[PDB]
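This report concerns only the one structure given below.
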Amino acid sequence: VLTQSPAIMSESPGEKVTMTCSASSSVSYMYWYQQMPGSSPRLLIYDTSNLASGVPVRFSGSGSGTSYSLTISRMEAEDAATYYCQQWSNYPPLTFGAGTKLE
Amino acid sequence: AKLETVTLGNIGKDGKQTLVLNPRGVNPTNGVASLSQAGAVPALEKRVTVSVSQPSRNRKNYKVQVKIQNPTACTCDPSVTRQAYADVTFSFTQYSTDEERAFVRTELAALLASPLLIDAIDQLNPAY
Amino acid sequence: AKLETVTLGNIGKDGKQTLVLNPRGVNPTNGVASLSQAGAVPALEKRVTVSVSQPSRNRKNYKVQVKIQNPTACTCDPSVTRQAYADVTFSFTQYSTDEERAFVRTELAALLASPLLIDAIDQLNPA
Amino acid sequence: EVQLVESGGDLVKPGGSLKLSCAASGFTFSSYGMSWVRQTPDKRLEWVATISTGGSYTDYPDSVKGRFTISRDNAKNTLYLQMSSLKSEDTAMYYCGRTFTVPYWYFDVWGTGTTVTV
C-alpha cells in the first residue's frame, strides 16, 4: 500500500543509470509511467518483464519480491523529467508512488 | 519443468492470505501429478492435481486437465464436512500451434478476474 | 450483473494481441449466457459462454461452467480447420460461504500463471 | 487515439456543483474502460473514479466514496464526472485515462488534462 523511491538523481549522457523502488508489502505486479516535463505521461514496461509499448528497446526492467530494477540502457540522451511507479496488489485501492527527477 | 515448491501470493478479497504448496510426487496408476498444502495434517488441506495426457486410440486430440479441491472442516481432531470441487480441462489437436494454446491459456486466466465472473462466482448471480 | 461488452488486452505469449467481445443474449432453453467476437461469419467467431445452474433436488449442488472455444481458419472462402476446446466447471454446496469460493477462484486464477502450468500448457510436457 | 478532456473546472468556492467532460476524436469509445487520475499539484497522484464498460459497474477509492458519481453514454463519445462538493482540498489539475475492461488496474495512453482549484 506504501511505496517509495530515491529522488533527484543527476546523470550525464551515456553510461549506466538506475533507480529502484521499495515494496513495504507483497505486490504481484509493479508498473511505472514516464511523464514528460510538459504533460501527458506515457506507458512503458507495464508488466515488469515486457519491454514497453512505444519505448524503443532501450528501456527495460526486471521484477522481484521488493526490488524492481528499471534499468536504463547505456544511452539516455533527453529521457528527462519524472518516472513514477504503480503497483496492483490484486484488491482495488491503487497506490502509485512519489516522483523522481533526472538530468 | 519439474515439481518444485510453488508460493502463491495475494489470494482472496484482501490479498493477505498467502498459500505455499510443496509437491507430493506423481502416482504411477494413471500418471497424474499432485500438490499439497504445507503444515496442516493430511486429508485436511488444499489439493492441486495437474495431468497431461497423450493421444489414444479413442482420444486422438490432446487433453490436459487441472483438478483443484479443498475442504474446510470445523471443530479431538477436526472432521471433514464439505468440499469445493473445481476442475479445468483443455483440448488441443496434434496440429495445433503453441501460439493458440498460449492465447487460450492467458485469455482464460484473465477472464477469471472479470467483474462479470467475479460477480458470478463470489455471489450466485446469473449473467442477465 | 449486466452482460456488458467485455474486452481483453495484453493477451498472448508476448501480451500483445487484444480481443473485443459483444454479448449475444441469453437463451431460456438451458439458462446459459453467451459472449462472442464480431466477425464476418459466425463459424470463425471466438465464443465465450458462462452459466450457473439452479441446485434442483436431482443434484442438490451448485454448478458454474465457463466454456471457451475458439477456432482458427486457413485459406474461395476460409473454413474451420481445428478447434481449441477449453472448459472450466465449478462445484459448491448450499452452506458454502463466500470465503471458500473466493479462495478457490483466486488460487485457480493465480495458478494459471504459475511457471509449472505455463510449461505444462505450452510444450505439453508432463510434470 | 487523441484523447480530449477540454472542459470547465474554473476556480469555484468550496461548494462543488460543476461537471467534467471528455471526448475521443478517432478512438473507438464503444467498448473500453475509463478512469480518472487525481494528480496533486506538487508531486504525487492518486486514483479515483474508475468505471468499466457498459455503464454498469463502477468503483471508487475509500476516500471519496459516496460523494463522486460518474455518468457515461455511448452517444457522441462523451463521459461525465460529477464534482459534487469539495472540502477545500483536491484543488489539483485532473487527468482522464483509458484502460481495457479487465486489466482494469493500470491505465494506458491518455491525453492532456484540465485544471480545477478551490
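With ideal geometry, Cβ positions are generated from the backbone for all residues, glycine too; neighbour counts draw on all protein chains shown. Read the figures in this text as sums done on the coordinates, not as results from a lab.
Below is a table of values for the structure above.
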| read-out | value |
| --- | --- |
| Total formal charge among the other residues, if their Cβ is under 13 angstrom from that of A:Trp32, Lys/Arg +1 and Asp/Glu -1 | 0 |
| Cut-off 14 Å between beta-carbons: net charge of the residues surrounding B:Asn10, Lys and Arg +1, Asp and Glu -1 | +1 |
| For residues of C:12-19, the mean tally of beta carbons on other chains within 10 Å | 5 |
| The stretch D:1-105: GluC sites (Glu not before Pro) falling in loop per DSSP and having at most 13 other Cβ within 10 Å | D:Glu1, D:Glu6, D:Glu89 |
| Length-normalised contact order of chain D in % [C-alpha pairs under 8 Å, at least 6 apart] | 34 |
| Peptide-level mean, for A:9-21, of C-beta atoms on other protein chains within 10 Å | 0 |
| Under 15 Å, Cβ to Cβ, from B:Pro42 - net charge with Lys/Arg +1 and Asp/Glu -1 | +1 |
| Table column - 3J(HN,Hα) (Hz), the stretch B:46-63, Karplus curve with 6.51, -1.76, 1.60, x for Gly and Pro | 5, 10, 10, 10, 10, 9, 10, 9, 10, x, 10, 4, 9, 9, 6, 6, 6, 8 |
| Förster-model FRET efficiency, 56 Å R0, A:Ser49 and C:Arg57, C-beta, rounded to 0.05 | 0.65 |
| Within 10 Å of each Cβ in C:42-53, the average number of Cβ atoms from other chains | 2 |
| Listed residue pairs exceeding 20 Å between alpha carbons, taken from B:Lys63/C:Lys63; A:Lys101/D:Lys87; D:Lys19/D:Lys76; B:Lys16/B:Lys67 | B:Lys63/C:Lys63; A:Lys101/D:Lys87; B:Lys16/B:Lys67 |
| Residues D:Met93, A:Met75, D:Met34 arranged by fewest to most Cβ contacts within 10 Å | A:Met75, D:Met93, D:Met34 |
| Residue-averaged [θ]222 nm for chain C, counting only DSSP H segments that reach four residues, each worth -39500 (n - 2.57) | -5500 deg cm²/dmol |
| Packing-based exposure ordering (other Cβ within 10 Å, fewest first) of C:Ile11, A:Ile72 | A:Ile72, C:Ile11 |
| Estimated dipole of chain A in Debye, rounded to 20 [Cβ of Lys and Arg +1, of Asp and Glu -1, Cα centre] | 160 |
| Under Karplus coefficients 6.51, -1.76 and 1.60, residue-wise ³J(HN,Hα) of the stretch D:84-95 in Hz, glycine/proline x | 6, 7, 8, 10, 6, 9, 6, 6, 9, 6, 9, 10 |
